[PDB]
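Chemist:
Residue numbers (PDB author numbering), protein chains in the order written: chain m, 2 to 57; chain H, 107 to 159.
1. Strictly under 8 Å for the Cβ-Cβ distance: is residue 18(m) near chain H by that measure?
2. Against residue 35(m), what residues of chain H qualify as contacts under a CB-to-CB distance less than 9 Å, listed in chain order?
3. Which parts of the region 115 to 158 of chain H are runs of the alpha helix (DSSP H), unbroken and 4 residues or longer, counting only runs that do not cross its ends?
4. Would you report the Cα separation of residue 31(m) and residue 137(H), rounded to the nearest angstrom?
5. State the DSSP-derived secondary structure class of residue 43(m), mapped to helix, strand or coil.
6. Is the beta carbon of residue 156(H) closer than 8 Å to that of residue 35(m)?
7. Could you have a look at residue 2(m) and say whether DSSP puts it in helix, strand or coil?
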């Protein structure tokens, strides 16, 4: 189908940053204090962008 | 010059000596409990330490 064609066409573009993205996500889960991660989850449950909250 | 009745006196002396030894050697040092000695057991945990109060 056309969806498979789009998948096999966009595989190589979509996957170039996936390594660094997963690296940053995992390094955050590991190095960051779990209270900060819990606060992030809370704020996202409250419909807020916790990155903007942190910057503010 | 040593009669046979004087032997148990010597045995009593040496018994006193070895008892004074064994009452000390019967004691032994237990496992250390100072947290400063074992802080790295917790530093190296797979998760960060939660200071919960």
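Where is the CB? At the ideal position from N, CA and C, for every residue including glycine.
Modeler: Per the coordinate set shown:
1. For the purposes of this step, residue 18(m) is identified with residue 17 of the first chain, where counting begins at 1. For residue 18(m), the answer is no, since every Cβ of chain H falls outside 8 Å of its Cβ.
2. Your numbering for residue 35(m) matches position 34 in the first chain. Here the neighbours are 153, 154, 156.
3. 141 to 149
4. Reading the first chain from its first residue, position 30 is the one you call residue 31(m). Reading the second chain from its first residue, position 31 is the one you call residue 137(H). Each residue's alpha carbon lies about 33 Å from the other.
5. As a first step, residue 43(m) is located in the first chain; it is residue number 42 there, counting from the start. Correct three-state label for residue 43(m): helix.
6. Taking the first chain and counting its residues from 1, one reaches residue 35(m) at position 34. Taking the second chain and counting its residues from 1, one reaches residue 156(H) at position 50. Their beta carbons are under 8 Å apart, which means residue 35(m) touches residue 156(H) by this criterion.
7. On the first chain, residue 2(m) is found 1 positions in, with the first residue counted as 1. Of the three classes helix, strand and coil, the one that applies to residue 2(m) here is coil, per DSSP.
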